[PDB]
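J.: Curious how this folds, go ahead:
(chains A, B, C, D, E and F, ligands or ions: 5)
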Amino acid sequence: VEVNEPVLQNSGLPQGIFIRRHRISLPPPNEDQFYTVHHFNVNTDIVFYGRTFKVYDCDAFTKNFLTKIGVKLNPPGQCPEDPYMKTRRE
Amino acid sequence: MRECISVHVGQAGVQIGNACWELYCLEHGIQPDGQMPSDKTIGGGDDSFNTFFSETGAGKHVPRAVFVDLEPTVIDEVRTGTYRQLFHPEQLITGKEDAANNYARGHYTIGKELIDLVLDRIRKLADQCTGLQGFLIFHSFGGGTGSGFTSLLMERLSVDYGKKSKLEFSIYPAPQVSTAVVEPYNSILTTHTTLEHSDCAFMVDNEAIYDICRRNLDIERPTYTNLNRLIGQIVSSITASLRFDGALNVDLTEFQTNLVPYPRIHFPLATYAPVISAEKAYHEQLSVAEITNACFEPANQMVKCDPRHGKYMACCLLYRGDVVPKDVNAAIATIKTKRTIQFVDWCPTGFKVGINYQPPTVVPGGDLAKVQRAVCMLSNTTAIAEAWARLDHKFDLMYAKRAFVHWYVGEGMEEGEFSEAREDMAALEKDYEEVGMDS
Amino acid sequence: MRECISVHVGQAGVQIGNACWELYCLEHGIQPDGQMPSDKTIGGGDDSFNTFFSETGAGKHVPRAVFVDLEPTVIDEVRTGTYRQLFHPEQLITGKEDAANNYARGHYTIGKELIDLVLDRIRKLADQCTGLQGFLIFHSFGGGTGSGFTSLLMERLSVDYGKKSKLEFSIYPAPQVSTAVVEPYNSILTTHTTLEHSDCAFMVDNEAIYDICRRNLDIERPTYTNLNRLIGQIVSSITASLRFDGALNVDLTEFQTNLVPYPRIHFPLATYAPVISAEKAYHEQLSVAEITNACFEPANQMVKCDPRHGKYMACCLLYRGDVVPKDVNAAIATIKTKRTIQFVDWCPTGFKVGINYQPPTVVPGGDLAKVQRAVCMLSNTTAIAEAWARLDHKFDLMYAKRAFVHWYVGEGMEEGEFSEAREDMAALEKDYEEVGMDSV
Amino acid sequence: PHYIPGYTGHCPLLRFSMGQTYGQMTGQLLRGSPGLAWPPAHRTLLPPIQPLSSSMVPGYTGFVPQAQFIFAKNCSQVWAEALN
Amino acid sequence: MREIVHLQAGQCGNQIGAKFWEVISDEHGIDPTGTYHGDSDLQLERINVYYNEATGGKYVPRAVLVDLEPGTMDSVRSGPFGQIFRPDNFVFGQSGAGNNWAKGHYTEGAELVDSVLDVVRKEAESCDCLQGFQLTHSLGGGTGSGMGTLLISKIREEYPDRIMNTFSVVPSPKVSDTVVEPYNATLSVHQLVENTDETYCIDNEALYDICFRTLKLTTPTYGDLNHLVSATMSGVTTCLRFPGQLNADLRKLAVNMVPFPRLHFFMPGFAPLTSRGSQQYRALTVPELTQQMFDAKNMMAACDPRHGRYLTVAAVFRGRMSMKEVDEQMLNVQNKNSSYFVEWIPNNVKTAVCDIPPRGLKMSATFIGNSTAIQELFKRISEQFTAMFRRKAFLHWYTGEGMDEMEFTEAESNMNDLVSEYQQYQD
Amino acid sequence: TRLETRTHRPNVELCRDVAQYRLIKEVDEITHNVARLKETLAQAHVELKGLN
Ligand SMILES: Nc1nc2c(ncn2[C@@H]2O[C@H](COP(=O)(O)OP(=O)(O)OP(=O)(O)O)[C@@H](O)[C@H]2O)c(=O)[nH]1
Ligand SMILES: Nc1nc2c(ncn2[C@@H]2O[C@H](COP(=O)(O)OP(=O)(O)OP(=O)(O)O)[C@@H](O)[C@H]2O)c(=O)[nH]1
Ligand SMILES: Nc1nc2c(ncn2[C@@H]2O[C@H](COP(=O)(O)OP(=O)(O)O)[C@@H](O)[C@H]2O)c(=O)[nH]1
Ligand SMILES: [Mg+2]
Ligand SMILES: [Mg+2]
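T.: Numbers count the residues shown, from 1 in each chain, chains lettered A, B, ... in the order given. Ligands and ions are numbered 1, 2, ... in the order given. See the structure here:
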């Protein structure tokens, strides 16, 4: 599992690759085992390294692959707009 | 009988003055709005308020105070504070624009748009009283509000009010740590006009309080609230023989006959002995002979001049609480046997002792403890020669190339007044040398 | 009155002081927050405590001791343990950076920064005395402030405080078993300073207590806090005549008159006689004849030196408990009849006894039993000279090549003061040689 | 809830009203002012009111969380605000 | 009641000036239509220092907006906070200054400075007891420099006891946005060495240096640069609008900084400027702002302060901090760095502490240095300009509008005189 | 709740007995049966995925 951030323009943060490509272990209840395909779905929160990301959409290829495997996807949620970038754009 | 007025001038004078008057309402029974509540068993006699209070009718007590400055932004939070109703409104007299660190803009330009009005309020306060023990002046040697308007006030009070006692309180500008750049320029034009109209004159510099608030009290990072809380306890001890009866009491007019050898040497030093913290002073006792040592310690003094290389001219102690005359005279026998303390050759009597029954009153929100007994000291030592002679150099670095003089000169004074006030400060440098040389 | 102020220096000095201030608080009635209980009375009343403790108005007892260290993390367990409400804060004097097992980093450079503070706090503990008996010093000859700032401590205590008694207990370096490699440069250069400044000086080796435990108190694997609880049983027993009333008293001044013949020889030995465990305590009757016999014995001595290679100059027995003055004298007269326990020719009297009523106190968590009577000894034998020569060899092994010498010379220190100090330790081995040769 | 007569500063809508004392008219403005939105978190007119932490000794030299942003207080008081 | 009326001169001055009312009105709970919707009474208790008041619960700024072309004033009303200005104060003309100092001073602005001095003095006679004036302009053109210099000499000769401010984004070597840029600048310091109480000098070259290095701002427009200036125009008028444990008005910093009567060019820089990435990893404390006031990176003017000598330093803080720790850290710097500080002035820092911070920040600070590093911003313009007056490169667009050749050697001698009065006092 | 308020018995009465040991047995019995139900439900979900 890799996590990336696309570079937005006037945000002052260091932007780019966030977690390097490696197998990621689970939260400490059942700590030893790593992530697999089944834990991943849409409109859920996934915890990597003390950080709980929120998932809101997929790809078309990901929809086809996950529906092939057998999971029914949730309805897609939405991403709340960044207040600083909204203020700077307007 | 025994009333005394207190005027606070300057932002430093007012902000000290808020601390002194939350001390004096809590000292007595009086609430913040001025009403003394009925039947609540306070520790005064009957007229224990009267030395700092008037008495209007329906259980209301008004202070004997007047707060003055040239800028309005620092008395307006006294006109809206918790103590807004305590004072009569026609005391807090504010100007329109400020001198902004000039004598020459306070003593010479804008002080005369206001000095006519405080000297009509000084009448209506001193018209009411029976007989004045003496005014109290509160000010700082930094700026021109608290040091230039102060100087014209004492040119006008020493003429109009005879020889009533005028105990000023100063803050000498700390040499290392300082705010203004022209602090020595203000503080050497001051000694020319406060060698003649202050009957007593005290000094406390801000840098020394910062050490005591670090070591003894354990307030790392003090602010200006803590520093003015301990100035009030020192003034509260000089006035506690007015209002509360004592086992051996000394008044305002008996320091002056006893502290001051010659009529040009009236700069004492003030110490308070169990300045100490409540979470720590649970452990140590405070005997009379223990807190007499802490007065004479070099580190506990309140102006950064070491008394070990100066020889004392007198002392003037003041004991409050649970103290007996045996344990006082036992401790003075110990101090005169140590070789480190030098007393001057022509002072064989040495000391001056006051004993009270009224303990120092703790202030909630404050930082000290509830101690049974405490000591102040009014030393008069030779060590003040090094607190003039290390602000008389910072003056003369800057005046030798005439930096900043072009601002004072335009607003009503000449080039000789900086010169006239510099030999008048190296004249007093010689009296502290010629007096302490032994026989 | 009868007051004595203890100064504890170094990590070994603080960790000894903790073990012997848990003893004193339990010896009198004092709880670990200073104040005695009000519902019960553990100790029967008097002002016994007023030679270690001191009282404010509200009935709180705060000890007259100052702990020092040049390193800030051994005091910080005193400040957080059970006895943190007992000590007034400015008695727990602490440093900023360590001493690094040098002397010249604790005698010339870093010891100068904390000699100003400790000589204004101890004048506020000797102000509130009326009659001060004398100081106590607790340290070890290994470290850098436990043995480098302690030399500069006593060089000023002999100046401003005249000749009040500066009694020191000490830890001598064990010579086979020793933690540091740097050790003989320490314990030569500090004996040269505490010759002319200390009034009495007891040595105890850490190795020599390790086998007093494992044979008598059958503790294989002793920790340093099993080891420190025996030292408090010595420090209390030499001062138990000051506090607790006795059939025959001895103060601190009457030791030095009766143990030290000449002004360099103030190095006693120690032995606590019924050092026994509670699985073996109540089957033996610990009669006074069999806890005076077991106190001269060369196994049980607390320094790694043997009294069968020299000859005794003076003894100082300290009985304590259920003892009668007659059975003391019936067992002194047995020891003197031996041809192996050799006493020196110019001391035909030999002994100094002291009898005290109060039995020694058992510590919760400790190892010894509550015994009914107990004995000390402060023997002054000729056989200390063998422990001068084993230190002299290991110093001289290194110093003929100048090993570790650049660490001391580079810190404000003359490079020829290692040879002043070896002739102060080569003169002192002849003094023990010449007070042992017989008069004929 | 009024300001005392010597007070200098800004009060809304003084300059149009007439023929009243300062304290009476200031009371009238603080009571009735429908046109202007009077703020809720106002800090001027105060009400007149009368004028572990012990698990470590006042000399303890170690790290205490969040206790370098607190000021004007004792060691025990700064530790009390940092923990509790 | 120490009120100050505001003047905004030129396209540079209006964009800087309209941002200052977008930040000060945000400091006082005021919506874009001007009325009050605030949260405290400390917002409203000294709001009459930059405002009149109109009936109905609305306040209007005391600003007069001046230009020569009418194009820029359409852009200020079309801005988001343009509704609040009184329309009687928009004073401007028909034609343009031509990016000429001379054609905006002699020819064109003289028919319009009569109209400015009627709406300026209407503000100044309605005041309670007037304290000061303000002016925002750039030293590189016609409307900012030229007529904005003429208006100062008419305010001063009628009100010579008030206090006066001036703001300047002075021209730079490395960036260059006008080819006659030194002719405009070198002539225009003639009335800023003689005829102003104060003048701050800022550099557009080092505005870009903070925005890329400190804030990591990828593409800074002119909106963010003017935000970075407006937090220092705010910073000097903080003790005048808000209480303090120690106080410093306009007049106090006039007396204390300026040693001699013609050295009043200052060097501002806001302290807790920090980036969005390192906002979460950074601690605010009173030592830590002092570390960032003083380094040569955050100075707004493009001179290096460690190339000269500091004469005096101001530091107008903002927040609840300890007055030991403020005074501890100025003893720190003068005794640590002691070559860079002047030798015949013993305490070289003026300090001040306010109470109500900038909104959002728990603590903040400001800095007003006066150094002898300012001569490399005057001497560097001098050789930038004297290359062109040798061959008379552009003079027929100034000489033909009413002036002669002696008025540059009159104003090059005076420009060299100011540089000569720093190597006097620096060494 | 049964163990939590049985442990407040006064001195001497606090004794180990058959009730205490049977309570300690049955709490572990209940946790074991809960874990078995968790396994059966977690594998029923993957067969539901297969049917989809
Ligand atoms: N002890 C104490 N000193 C203070 C306090 N406030 C300011 N100071 C000192 O006062 C000096 C400045 O002089 P001020 O008395 O404030 O000058 P001023 O009288 O207010 O003159 P203006 O500011 O023009 O009104 C500085 O050195 C401060 O250290 C205070 O609250 N307590
Ligand atoms: N008897 C005994 N000896 C100890 C104890 N703790 C340490 N030692 C001895 O102490 C010596 C080392 O010195 P330190 O304990 O470090 O004393 P110090 O003053 O801290 O020395 P520095 O670390 O250099 O500052 C070694 O000889 C140890 O054997 C103890 O609890 N009991
Ligand atoms: N701070 C700032 N400076 C500007 C802005 N626009 C232009 N400038 C500067 O102003 C200079 C132009 O001179 P200017 O005063 O605008 O000419 P004028 O207004 O037409 O008289 C250029 O050197 C620019 O560096 C802006 O939006 N903000
Ligand atoms: Mg002021
Ligand atoms: Mg150590």
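J.: Give me the distance between the spatially most central residue of chain A and ligand 4.
T.: Central residue of chain A (C-alpha atoms, centre = their mean): residue A:55, 5.1 Å from the mean position. Relative to ligand 4, residue A:55 is positioned 60 Å away (C-beta to the ion, to the nearest Å). Every residue, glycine included, has its C-beta placed from N, CA and C.
J.: Same question for residue E:140.
T.: Separation of residue E:140 from ligand 4 (C-beta to the ion): 39 Å.
J.: now swap in residue D:31 and tell me
T.: 35 Å.
J.: ok, the residue lying closest to that residue once chain neighbours are set aside - how many residues close by?
T.: Among residues not flanking residue D:31 along the chain, residue D:1 sits closest, at 8.0 Å (C-beta to C-beta, 6 or more residues apart in numbering or on different chains). A total of 9 residues lie near residue D:1 under the criterion other C-beta atoms under 10 Å in any protein chain shown.
J.: Would you mind listing the residues in contact with residue D:1?
T.: D:27, D:30, D:31, D:45 (C-beta atoms under 8 Å, 6 or more residues apart in numbering or on different chains).
J.: Which of the residues you listed fall in strands?
T.: Using DSSP state E, the subset of these located in strands is empty.
J.: In PyMOL, select just the buried ones from those residues.
T.: In PyMOL, a selection of the buried entries from these looks like this (16 or more other C-beta atoms under 10 Å in any protein chain shown):
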select buried, chain D and resi 30
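J.: among the contacts of residue D:1, which two are most distant?
T.: D:31 and D:45 (12.9 Å; C-beta to C-beta).
J.: Contacts (any at all) between chain D and stretch E:319-329?
T.: Yes. Judged by C-beta under 8 Å from any C-beta of the partner chain, stretch E:319-329 comes into contact with chain D through E:320, E:321, E:322, E:325.
J.: List only buried entries from those.
T.: Among the residues of stretch E:319-329 next to chain D, those buried by neighbour count (16+ other C-beta under 10 Å) are E:320, E:321, E:322, E:325.
J.: Could you say which helix or strand holds the residue in chain F that ligand 4 sits nearest to?
T.: Nearest to ligand 4 in chain F, going by C-beta to the ion, is residue F:4, at a distance of 65.9 Å. Take DSSP states H and E as the rule and residue F:4 turns out to sit in helix F:2-6.
J.: Which is the succeeding secondary structure element to that helix?
T.: Downstream of helix F:2-6 (by DSSP H and E), the next one is helix F:18-51.
J.: what's around the residue in chain F positioned nearest to chain A, how many residues?
T.: Using C-beta to the nearest C-beta, the single residue of chain F nearest to chain A is residue F:49, 3.8 Å away. The tally of other residues near residue F:49 (other C-beta under 10 Å) stands at 13.
J.: and the gap between the single nearest residue of chain D relative to ligand 2 and residue C:76?
T.: The minimum distance from chain D to ligand 2, using C-beta to the nearest ligand atom, falls at residue D:61 (15.9 Å). Using C-beta to C-beta, to the nearest Å, residue D:61 is found at 6 Å from residue C:76.
J.: These two: which is more packed in?
T.: Set residue D:61 next to residue C:76 and count neighbours by other C-beta under 10 Å: residue C:76 wins out with 20 against 13.
J.: ok, the residue nearest to the centre of chain A touching residue A:43?
T.: Yes. Contact criterion C-beta atoms under 8 Å: residue A:55 and residue A:43 qualify, at 6.6 Å.
J.: Can you work out which residues contact both of these two?
T.: residue A:77.
J.: Could you look up the SS state of the residue minimising distance to the centre of chain D?
T.: In chain D, the residue lying closest to the centroid (C-alpha atoms, centre = their mean) is residue D:43, at 4.5 Å. Reduced to three states with DSSP: H, G, I helix; E, B strand; the rest coil, the structure at residue D:43 is coil.
J.: show me what contacts it?
T.: E:40, E:41, E:42.
J.: now, which of these sits nearest ligand 4?
T.: residue E:42 (18.6 Å).
J.: these two touch, right, that closest one and residue D:44?
T.: Yes. With contact defined as C-beta under 8 Å, residue E:42 counts as touching residue D:44 (7.5 Å).
J.: State which helix of chain B is the longest.
T.: Secondary structure of chain B per DSSP state H: the longest helix is helix B:11-27.
J.: That one: how far from the chain's middle?
T.: 12 Å (C-alpha atoms, centre = their mean, to the nearest Å).
J.: Same question for stretch A:62-77.
T.: 15 Å.
J.: one step back: any idea how far the residue nearest to the centre of chain A lies from residue B:300?
T.: Residue A:55 is 67 Å from residue B:300, by C-beta to C-beta.
J.: One more: residue B:191?
T.: Noted for residue B:191: a distance of 26 Å to residue B:300, by C-beta to C-beta.
J.: surely residue E:113 meets residue E:155?
T.: No. The criterion here is C-beta under 8 Å, and residue E:113 misses it with residue E:155 at 10.5 Å.
J.: show me what contacts residue 44?
T.: Picked chain A for this. Taking C-beta under 8 Å, 6+ apart, we find residue A:44 in contact with A:54, A:55, A:74.
J.: look at chain D instead
T.: Contacts of residue D:44 (C-beta under 8 Å, 6+ apart): B:80, E:41, E:42, E:45.
J.: now swap in residue E:24 and tell me
T.: E:50, E:234.
J.: and what of the one 4 residues further on?
T.: The contact partners of residue E:28, taken as C-beta under 8 Å, 6+ apart, are E:36, E:38, E:43, E:44, E:47.
J.: how much space is there between it and residue E:49?
T.: For residue E:28, the distance to residue E:49 - C-beta to C-beta - is 10 Å.
J.: again, but for residue D:15
T.: Residue D:15 is 16 Å from residue E:49, by C-beta to C-beta.
J.: And the helices in chain E?
T.: E:10-24, E:71-77, E:101-102, E:113-125, E:148-158, E:181-188, E:204-213, E:222-236, E:250-257, E:286-293, E:323-336, E:375-386, E:406-426.
J.: Out of those, which gets nearest to residue D:20?
T.: When those are compared by C-beta to C-beta, helix E:113-125 sits nearest residue D:20, at 27.3 Å.
J.: Please work out the angle formed by the directions of the closest one and helix E:148-158.
T.: On the basis of axes from the mean of the first three to the mean of the last three C-alpha atoms, to 10 degrees, helix E:113-125 is oriented at 50 degrees to helix E:148-158.
J.: which other helices and strands contact helix E:113-125?
T.: Contacts defined by 3 or more C-beta pairs under 8 Å, 6 or more residues apart in numbering or on different chains; DSSP states H and E place helix E:113-125 against strand E:4-9, strand E:63-66, strand E:90-91, helix E:148-158.
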